[PDB]
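Take a look at this single chain in structure tokens; it is the form deposited in one PDB entry.
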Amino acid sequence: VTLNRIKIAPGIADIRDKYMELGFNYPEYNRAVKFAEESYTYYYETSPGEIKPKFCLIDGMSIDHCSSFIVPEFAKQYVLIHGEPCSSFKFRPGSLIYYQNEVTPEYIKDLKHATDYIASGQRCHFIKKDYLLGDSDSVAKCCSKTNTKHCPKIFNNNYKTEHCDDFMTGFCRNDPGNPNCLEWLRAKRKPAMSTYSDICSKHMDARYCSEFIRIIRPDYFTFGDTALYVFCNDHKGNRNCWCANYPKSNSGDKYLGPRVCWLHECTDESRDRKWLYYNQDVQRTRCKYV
């Protein structure tokens, strides 16, 4: 149809709302379509867990025009989902045509079918999720806890989930005394207790392997017994291995089991319990002295 008159009339109370005074040959096409534009810069939610800026993403428009109205820091934890169908002006892209008393959904359908003045699209709609990691280094910084600024809960929950396990197996082998690594070990999942079983099969003398044995006993003592067995075979002369692998016999089992108490050095308190096997340490406490 023929357009002859156009005018922006201001809104009543919300400045973002304005009116489109439309004049045509047939007065049945004349209408004052209420439309909105822009919605400040959001650092808050409009609905519980939602941000819906007054903007109509016309089909074909760049996706990031939808997020012009959110503080970049605040937008890190929000994902853009599909919105409800809306209408916009082709010459004024991004405007949100409201459906009010005179302006009906059918009116818009006949105007689009009539001329080039109106486009269609979907409403801008954001949902709260969490931080979205996209690098291997981002996972590294979150799991190692060297930088927890923008980390989702799954990669920054003090290792209560297993999301960080794969990174921590390699990271803690390089720094077994790391405090965050002993925290990962205290979660007592198999990758951590296996990793420290490998570490302490070579460095059982270390201070952190005393903590390893303290953590896994008695719920998962086998991971410490394998490490002590390997360590005391590779170091059979070492005096700390006297009771776990007796040096002067073919099989170093002279003081295994209940026989742990036939030598005072094995029952000697203040001796680190990591130098006895688990059940060896148990039999030590059940010994009858006179």
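So that there is no doubt, residue numbering starts at 1 and follows the sequence shown. For the two forms, the rigid core is made up of the largest set of C-alpha atoms that agree within 1.5 Å on superposition.
The form deposited in another entry exists for this protein as well; it is not shown, and the discussion that follows is about that form.
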property: Entry of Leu182, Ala206, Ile108, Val139 that shows, once the rigid core is matched between the shown form and the other one, a C-alpha shift of 2 Å or more; result: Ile108
property: C-alpha of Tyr29 off by 2 Å or more between the shown form and the other one on rigid core; result: yes
property: Rigid core superposition, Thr222 Cα moves 2 angstroms or more between the shown form and the other one; result: no
property: Threshold 2 Å Cα movement between the shown form and the other one for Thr41, core superposed; result: no
